[PDB]
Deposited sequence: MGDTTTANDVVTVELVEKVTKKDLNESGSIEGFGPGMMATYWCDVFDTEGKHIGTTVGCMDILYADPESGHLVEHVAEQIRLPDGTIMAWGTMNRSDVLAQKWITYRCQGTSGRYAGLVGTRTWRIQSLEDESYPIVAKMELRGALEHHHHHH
């Protein structure tokens, strides 16, 4: 049985070291625009190919996600797929995908779709 979560996330903070690297924070909203959690993440630009590892906190548990994105695909508003794994609460033990894209081609909020199930 799949667990499915649709989110909207907006960046509130980003630090960079200008192989650029970054850390960031996002507000997480449900589809009704209600504020329900937070994402923290880090990024390293491998070759432009970026590699992300992040953690998402939701009212009922926590998830880690990770993956590799081409910068230009993000900017074309293509769907990016990260792998993810529940780390606590309702998501514990579950694995799946976090598929997301820039919602609006400015502040660049994203829509993200998480699907997890037993491993």
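What are the missing stretches of the deposited sequence, listed from start to end? Missing C-alpha atoms (numbering from 1) occur across the ranges 1 to 8, 27 to 35, 65 to 71, 130 to 131, 146 to 153.
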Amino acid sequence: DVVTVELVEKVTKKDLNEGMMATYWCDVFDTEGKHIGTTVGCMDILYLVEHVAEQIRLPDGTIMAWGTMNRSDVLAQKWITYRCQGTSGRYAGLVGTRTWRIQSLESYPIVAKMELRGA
From here on, numbers count along this sequence of modelled residues.
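Mean Cα B-factor comparison, 50 to 58 or 64 to 72, giving the higher one as deposited: Between 64 to 72 and 50 to 58, it is 64 to 72.
Averaged over C-alpha atoms, is the B-factor higher for 20 to 28 or for 96 to 104 in this PDB entry? Result: 96 to 104.
Among the candidates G37, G41, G33, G86, give the one with the maximum CA B-factor reported in the record. Largest recorded C-alpha B-factor: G33.
Give the position of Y82 by CA B-factor within its chain, expressed as the lowest, middle or highest third. Its C-alpha B-factor, which the entry lists for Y82, ranks in the middle third among residues of this chain.
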